[PDB]
Amino acid sequence: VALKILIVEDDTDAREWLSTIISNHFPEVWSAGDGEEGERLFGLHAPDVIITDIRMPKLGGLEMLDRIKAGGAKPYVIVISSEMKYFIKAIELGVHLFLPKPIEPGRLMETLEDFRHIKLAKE
Amino acid sequence: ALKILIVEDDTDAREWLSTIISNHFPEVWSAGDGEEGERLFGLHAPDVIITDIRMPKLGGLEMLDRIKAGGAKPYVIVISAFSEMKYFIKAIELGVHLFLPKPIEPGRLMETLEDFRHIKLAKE
Ligand SMILES: [Mg+2]
Ligand SMILES: [Mg+2]
């Protein structure tokens, strides 16, 4: 019933910051540095929420999502957001939220709080 | 004629830095980690290094140390938004010419790069 969160950010500093802030309120938190690790961690822990970068090494956040969405799963998705092409594809994929960098902590935590309330309602 | 090497693990910031700089400097290289950064330095001997500190494989400071140990003396700009006093201390020992933490101020970056270009000019 706990909200499981997966963070996919290629920047070491930003990834660890996200992880630290989030784990302070949510125990089930995992983080990856590219779309491949991200896809593996997703299959391994089936997180409820995915917070992911778009441009990343090895595999982009959108190709990663497509591979995930193309497996049945329908997690809540927060996108860490320069070209309209990315946005548009992010819509086809079904992205739920777009968070502008520098990531704003309150908005993020507030959004996750919203995601849990929704999870309980359906458990 | 100022050759610049950018080392940053975040793709977005790395590509942004490459774009805004390439607009006014024709010789720019970008690396995603200290190891790749080190290899590119050895290949193209750039005059300027713009590097982050914490990255995969090899960190900016360790990278810088290896490059210096080899005898090169490039101008160095550190773009890390670190959280300790120890990174700063080691950075200064190695000899950094400018700390431009995130979020990066393009204006401050351009002026500094022009200063370096002038130094390489006056020195020919
Ligand atoms: Mg970085
Ligand atoms: Mg990134």
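Chain letters run A, B, ... following the sequence lines, proteins first, then strands; residues in each count from 1. All heavy atoms count here, side chains included; hydrogens, waters and symmetry mates do not.
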Residues that A:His25 engages under side chain to side chain donor-acceptor pair (under 3.5 Å), provided they are two or more places apart: none
Checking heavy-atom separations under 4.5 Å from chain A, one finds in residues 1-13 of chain B B:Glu8, B:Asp9, B:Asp10, B:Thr11, B:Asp12
At what distance, to the nearest 0.5 angstrom, does NZ of B:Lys90 lie from CD of B:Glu84? 14.0 Å
Could you check B:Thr51 against B:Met63 for side-chain contact (heavy atoms from CB on, under 4.5 Å), going step by step and ending with a plain yes or no? CA-CA 9 Å; B:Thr51 180; B:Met63 178 191 75; 3.8 Å; yes
Among pairs that include at least one residue of residues 94-124 of chain B, which meet ring pair (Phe, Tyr, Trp, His ring centres under 6.0 Å), considering only residues two or more places apart or in two chains? B:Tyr75-B:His97, B:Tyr75-B:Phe116, B:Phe88-B:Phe99
Which pairs pass side chain to side chain donor-acceptor pair (under 3.5 Å) with one or both residues in residues 58-75 of chain A, sequence neighbours excluded? A:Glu39-A:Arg67
Out of the candidates B:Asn23, B:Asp115, B:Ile21, only one should pair with B:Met110 under the side chain to side chain contact (heavy atoms under 4.5 Å, CB included) rule; please name it. B:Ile21
